[PDB]
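Engineer: Shown below is the structure under consideration.
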Amino acid sequence: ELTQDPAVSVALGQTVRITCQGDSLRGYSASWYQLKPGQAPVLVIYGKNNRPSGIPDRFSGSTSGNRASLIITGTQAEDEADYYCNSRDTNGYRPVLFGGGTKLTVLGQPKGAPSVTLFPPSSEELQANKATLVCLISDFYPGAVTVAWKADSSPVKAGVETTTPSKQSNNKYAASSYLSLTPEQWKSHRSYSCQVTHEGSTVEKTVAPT
Amino acid sequence: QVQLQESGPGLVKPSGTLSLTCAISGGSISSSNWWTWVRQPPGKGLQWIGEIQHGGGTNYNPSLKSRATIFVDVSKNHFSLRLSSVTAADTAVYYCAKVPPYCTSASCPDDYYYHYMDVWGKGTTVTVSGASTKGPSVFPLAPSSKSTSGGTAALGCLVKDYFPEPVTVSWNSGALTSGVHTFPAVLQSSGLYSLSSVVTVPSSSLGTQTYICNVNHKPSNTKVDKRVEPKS
């Protein structure tokens, strides 16, 4: 019943307009919610350009008949998110309806290089007959990295698990890579290395049993 | 000032019944508000579940009406959701929310002709699975100044091999918040999750300030307070 543009892009600093359509908008108007991963939705606009406190004034919007618009001026990196249209049907039991969502991409965000921190297994974990190396990657943009591990200088073919990148509070990305070893594997090599490649550059951190 | 907080078991077996409660604080449940449940399946959009008005009726998403019931406990200032015969399609983050009153007739105050969802809970993660709950093992990530700015060091906690999501991590019982970076969890081939929380602190404090990470894994009723000390 509620239809919105599923994908819109805007250049950083420019104005974007997200639209929603549906007969249910004629009665109680549209409301808009910003949705970021790992986070609860946030009401940004409803009614006749009603803006909750805490929402910056670059957000605005209104409803006209069966159509509604959410307008963001001077769009910023933190505005990149999913936006959901919302309404209440006027017929029947008056169900609350949600649009399918609009994925807003903010183009031209500045590149940032990754910072890499590598922790060796703790002595307490080794005593529990396990060994986990933890490679933490922060502050990079765009959110595409490749992570490779080495035992001494040989590539590791088992035990690696890396997260998908996720946004930080500063709108850069973070990711983490784990290498699960036995204590025997950890102690039998001179060192292990975590190699992070981002935009053609590589950062390698190395730890050794001691 | 009205605030909402979801509670409930984070793991439900298939064909079981999901039971969630939302606590209302900073305000009373005894109003014309529509106390609401919403969910977000992973990788999918928001879905309205239903609503209840104290002294009024209920109202449900027809696609879920055969399995969802919403109640009110006026004595506890809570309202609740029960979802029966769950399957994988019900794995989601569940939110409670507040919807102000609306009018169906004329001559109401003008505010009541607008629908919106004002206040939201933080959300609770529900995983439908036959797998058993597993509590985490917590290990220290001993301090290191290699990747930090001058005069500071990074130390942390590894929260290893738990199921299901989520875990929360604080530092020094919440007194330490500056410089804390808790990373989203990885899902291992074992089907168990692991995450790390790191805090960057002044190097001058390492030998004198106690650092403890407070790990909470509610699905397994496990709490761990792990002391993190410099290596020797």
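Residue names in the structure tokens use chain letters A, B, ... in the order shown, residue numbers from 1 in each chain, and ligand numbers from 1 in the order shown.
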So that I can check the surroundings of region 126-142 of chain B, please list as a ChimeraX atom specification every protein, DNA and RNA residue that reaches within 6 Å of it, counting only C-alpha atoms and ignoring chain neighbours fewer than 2 positions away.

Structural biologist: /B:10-14,88,91-92,155-163,220,228,230

Engineer: Output as number ranges by chain the set of chain A residues within 6 Å of chain B, with distances taken over only C-alpha atoms.

Structural biologist: A: 28-29, 31, 40, 47, 100, 117, 163

Engineer: Contacts of residue 209 (chain B) at 12 Å or less, counting only C-alpha atoms, minus same-chain residues fewer than 3 places along, as a PyMOL selection string?

Structural biologist: chain B and resi 172+176+201-206+212+227-230

Engineer: Of the residues A:25, A:43, A:104, A:144, which is the one nearest to residue 5 (chain A), using only C-alpha atoms?

Structural biologist: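 Ranked by minimum distance to residue 5 (chain A), first place goes to A:104.
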
Engineer: For region 121-137 of chain A, please output as a PyMOL selection string all residues within 7 Å (counting only C-alpha atoms; exclusion window: fewer than 4 positions along the same chain).

Structural biologist: (chain A and resi 114-117+174-183+194) or (chain B and resi 139-141)

Engineer: Go ahead and write the residues just picked, N, CA and C atoms, as a PDB file, in the first residue's frame.

Structural biologist:
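Listing of part.pdb after writing:
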ATOM      1  N   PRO A 114      43.280   2.667   6.900  1.00  0.00           N
ATOM      2  CA  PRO A 114      42.988   1.860   8.090  1.00  0.00           C
ATOM      3  C   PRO A 114      44.096   1.943   9.130  1.00  0.00           C
ATOM      4  N   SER A 115      43.688   1.920  10.396  1.00  0.00           N
ATOM      5  CA  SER A 115      44.587   1.681  11.515  1.00  0.00           C
ATOM      6  C   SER A 115      44.386   0.241  11.965  1.00  0.00           C
ATOM      7  N   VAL A 116      45.482  -0.477  12.192  1.00  0.00           N
ATOM      8  CA  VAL A 116      45.437  -1.912  12.462  1.00  0.00           C
ATOM      9  C   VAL A 116      46.084  -2.188  13.810  1.00  0.00           C
ATOM     10  N   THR A 117      45.378  -2.932  14.661  1.00  0.00           N
ATOM     11  CA  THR A 117      45.887  -3.385  15.949  1.00  0.00           C
ATOM     12  C   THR A 117      45.777  -4.901  16.006  1.00  0.00           C
ATOM     13  N   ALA A 174      34.846   0.113  10.372  1.00  0.00           N
ATOM     14  CA  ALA A 174      35.657  -0.779  11.186  1.00  0.00           C
ATOM     15  C   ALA A 174      35.380  -2.220  10.790  1.00  0.00           C
ATOM     16  N   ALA A 175      36.368  -3.079  11.016  1.00  0.00           N
ATOM     17  CA  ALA A 175      36.199  -4.508  10.814  1.00  0.00           C
ATOM     18  C   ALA A 175      37.156  -5.240  11.738  1.00  0.00           C
ATOM     19  N   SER A 176      36.904  -6.532  11.926  1.00  0.00           N
ATOM     20  CA  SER A 176      37.769  -7.352  12.760  1.00  0.00           C
ATOM     21  C   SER A 176      37.981  -8.704  12.097  1.00  0.00           C
ATOM     22  N   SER A 177      39.184  -9.242  12.272  1.00  0.00           N
ATOM     23  CA  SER A 177      39.558 -10.534  11.718  1.00  0.00           C
ATOM     24  C   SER A 177      40.136 -11.382  12.835  1.00  0.00           C
ATOM     25  N   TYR A 178      39.676 -12.626  12.918  1.00  0.00           N
ATOM     26  CA  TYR A 178      40.081 -13.567  13.948  1.00  0.00           C
ATOM     27  C   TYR A 178      40.773 -14.752  13.297  1.00  0.00           C
ATOM     28  N   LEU A 179      41.861 -15.204  13.912  1.00  0.00           N
ATOM     29  CA  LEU A 179      42.556 -16.413  13.484  1.00  0.00           C
ATOM     30  C   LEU A 179      42.562 -17.379  14.661  1.00  0.00           C
ATOM     31  N   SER A 180      41.880 -18.511  14.505  1.00  0.00           N
ATOM     32  CA  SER A 180      41.792 -19.520  15.552  1.00  0.00           C
ATOM     33  C   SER A 180      42.867 -20.576  15.328  1.00  0.00           C
ATOM     34  N   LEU A 181      43.735 -20.753  16.321  1.00  0.00           N
ATOM     35  CA  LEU A 181      44.837 -21.700  16.269  1.00  0.00           C
ATOM     36  C   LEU A 181      44.765 -22.652  17.451  1.00  0.00           C
ATOM     37  N   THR A 182      45.536 -23.739  17.358  1.00  0.00           N
ATOM     38  CA  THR A 182      45.861 -24.496  18.554  1.00  0.00           C
ATOM     39  C   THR A 182      47.083 -23.872  19.221  1.00  0.00           C
ATOM     40  N   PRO A 183      47.246 -24.064  20.531  1.00  0.00           N
ATOM     41  CA  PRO A 183      48.491 -23.614  21.174  1.00  0.00           C
ATOM     42  C   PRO A 183      49.731 -24.181  20.510  1.00  0.00           C
ATOM     43  N   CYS A 194      49.053 -10.210  10.423  1.00  0.00           N
ATOM     44  CA  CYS A 194      47.775  -9.785   9.865  1.00  0.00           C
ATOM     45  C   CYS A 194      48.050  -8.699   8.832  1.00  0.00           C
TER      46      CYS A 194
ATOM     47  N   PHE B 139      38.638 -13.130  27.651  1.00  0.00           N
ATOM     48  CA  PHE B 139      40.080 -13.113  27.813  1.00  0.00           C
ATOM     49  C   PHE B 139      40.598 -11.695  27.652  1.00  0.00           C
ATOM     50  N   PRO B 140      41.677 -11.349  28.348  1.00  0.00           N
ATOM     51  CA  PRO B 140      42.235 -10.003  28.217  1.00  0.00           C
ATOM     52  C   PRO B 140      43.019  -9.840  26.928  1.00  0.00           C
ATOM     53  N   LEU B 141      42.965  -8.627  26.396  1.00  0.00           N
ATOM     54  CA  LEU B 141      43.835  -8.187  25.311  1.00  0.00           C
ATOM     55  C   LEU B 141      44.800  -7.202  25.960  1.00  0.00           C
TER      56      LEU B 141
END

Engineer: Might you pull out every residue within 12 Å of residue 36 (chain A), with only C-alpha atoms counted and same-chain residues fewer than 5 positions away left off, and present them as a list in words?

Structural biologist: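 Residues meeting the cut-off are residues 41, 42, 78, 79, 80, 81, 82, 83, 84, 101, 102, 103, 104, 166, 167, 168, 169 and 171 of chain A; 40, 43, 45 and 46 of chain B.
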
Engineer: Can I get the selection written as a tab-separated table (two decimals), in the first residue's frame, with N, CA, C and O atoms?

Structural biologist:
chain	number	residue	atom	x	y	z
A	41	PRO	N	15.29	2.52	14.82
A	41	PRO	CA	14.84	3.60	13.94
A	41	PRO	C	14.63	4.90	14.70
A	41	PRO	O	14.38	4.91	15.91
A	42	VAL	N	14.75	6.01	13.98
A	42	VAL	CA	14.65	7.35	14.54
A	42	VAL	C	13.69	8.16	13.68
A	42	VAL	O	13.91	8.29	12.47
A	78	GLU	N	26.89	11.25	7.76
A	78	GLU	CA	26.05	10.58	8.75
A	78	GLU	C	24.61	10.42	8.29
A	78	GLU	O	23.85	9.70	8.94
A	79	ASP	N	24.20	11.07	7.19
A	79	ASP	CA	22.86	10.90	6.66
A	79	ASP	C	22.72	9.63	5.83
A	79	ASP	O	21.59	9.25	5.50
A	80	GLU	N	23.83	8.99	5.47
A	80	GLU	CA	23.77	7.74	4.72
A	80	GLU	C	23.14	6.66	5.58
A	80	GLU	O	23.67	6.31	6.64
A	81	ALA	N	22.00	6.13	5.12
A	81	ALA	CA	21.20	5.18	5.90
A	81	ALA	C	20.03	4.69	5.07
A	81	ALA	O	19.88	5.07	3.91
A	82	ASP	N	19.19	3.84	5.66
A	82	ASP	CA	17.90	3.49	5.07
A	82	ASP	C	16.83	4.39	5.67
A	82	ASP	O	16.84	4.70	6.86
A	83	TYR	N	15.89	4.81	4.83
A	83	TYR	CA	14.79	5.67	5.24
A	83	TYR	C	13.47	4.98	4.92
A	83	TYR	O	13.26	4.54	3.79
A	84	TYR	N	12.59	4.89	5.92
A	84	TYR	CA	11.33	4.18	5.79
A	84	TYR	C	10.16	5.14	5.88
A	84	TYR	O	10.07	5.94	6.81
A	101	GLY	N	11.33	0.88	2.12
A	101	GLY	CA	12.60	1.47	2.49
A	101	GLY	C	13.33	2.06	1.30
A	101	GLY	O	13.21	1.60	0.16
A	102	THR	N	14.09	3.12	1.56
A	102	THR	CA	14.93	3.77	0.57
A	102	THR	C	16.36	3.75	1.08
A	102	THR	O	16.65	4.28	2.16
A	103	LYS	N	17.26	3.13	0.32
A	103	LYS	CA	18.67	3.10	0.65
A	103	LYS	C	19.32	4.35	0.07
A	103	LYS	O	19.42	4.49	-1.15
A	104	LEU	N	19.75	5.27	0.94
A	104	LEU	CA	20.36	6.52	0.52
A	104	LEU	C	21.88	6.37	0.53
A	104	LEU	O	22.48	6.10	1.57
A	166	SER	N	31.65	-2.29	9.11
A	166	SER	CA	30.53	-1.61	9.74
A	166	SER	C	30.91	-0.17	10.05
A	166	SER	O	32.07	0.12	10.35
A	167	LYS	N	29.92	0.72	10.00
A	167	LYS	CA	30.17	2.13	10.24
A	167	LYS	C	30.52	2.39	11.70
A	167	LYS	O	29.92	1.82	12.61
A	168	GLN	N	31.49	3.27	11.91
A	168	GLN	CA	31.81	3.81	13.22
A	168	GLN	C	31.00	5.07	13.49
A	168	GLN	O	30.31	5.59	12.61
A	169	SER	N	31.11	5.58	14.71
A	169	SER	CA	30.42	6.83	15.05
A	169	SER	C	30.96	8.01	14.27
A	169	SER	O	30.26	9.02	14.14
A	171	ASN	N	31.68	7.81	11.06
A	171	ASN	CA	31.25	7.53	9.69
A	171	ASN	C	32.36	6.92	8.84
A	171	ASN	O	32.16	6.73	7.63
B	40	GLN	N	12.43	-5.99	12.64
B	40	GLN	CA	13.28	-5.86	11.46
B	40	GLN	C	14.01	-7.18	11.26
B	40	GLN	O	15.01	-7.45	11.94
B	43	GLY	N	18.43	-8.02	7.06
B	43	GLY	CA	18.44	-7.76	5.64
B	43	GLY	C	17.10	-7.39	5.03
B	43	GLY	O	17.00	-7.29	3.81
B	45	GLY	N	13.10	-5.08	5.54
B	45	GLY	CA	12.56	-3.82	6.01
B	45	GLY	C	11.81	-3.95	7.32
B	45	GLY	O	11.59	-5.03	7.85
B	46	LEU	N	11.41	-2.79	7.84
B	46	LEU	CA	10.60	-2.74	9.05
B	46	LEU	C	9.22	-3.34	8.80
B	46	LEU	O	8.63	-3.13	7.74

Engineer: Could you give me the residues within region 28-89 of chain B that DSSP places in strand (DSSP E), as a ChimeraX atom specification?

Structural biologist: /B:34-40,47-52,58-60,68-73,78-83

Engineer: Give the alpha helix (DSSP H) residues of region 54-130 of chain A, as DSSP finds them on the backbone, and put them as a list in words.

Structural biologist: residues 123, 124, 125, 126 and 127 of chain A

Engineer: Which is closer to residue 219 (chain B) than all the others in B:70, B:8, B:101, B:153, using only C-alpha atoms?

Structural biologist: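 So, comparing all the options, the nearest one is B:8.
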
Engineer: Can you tell me which residues surround residue 31 (chain B) at a distance of at most 9 Å, considering only C-alpha atoms, apart from same-chain residues fewer than 6 positions away, and format the answer as a list in words?

Structural biologist: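 Selected residues are residues 53, 54, 55 and 101 of chain B.
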
Engineer: Which residues are close to region 60-73 of chain A, i.e. within 9 Å by only C-alpha atoms, leaving aside same-chain residues fewer than 2 positions away? Reply as a ChimeraX atom specification.

Structural biologist: /A:13-27,29-32,44-51,57-58,75-76,79,85

Engineer: When you count only C-alpha atoms, which of these residues is closest to residue 191 (chain B): A:161, A:38, A:202, A:188?

Structural biologist: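 Of the candidates, the smallest distance to residue 191 (chain B) is held by A:161.
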
Engineer: Using only C-alpha atoms, pick whichever of B:37, B:22, B:84, B:98 has the shortest atom-to-atom distance to residue 1 (chain B).

Structural biologist: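 Using only C-alpha atoms, residue 1 (chain B) sits closest to B:98.
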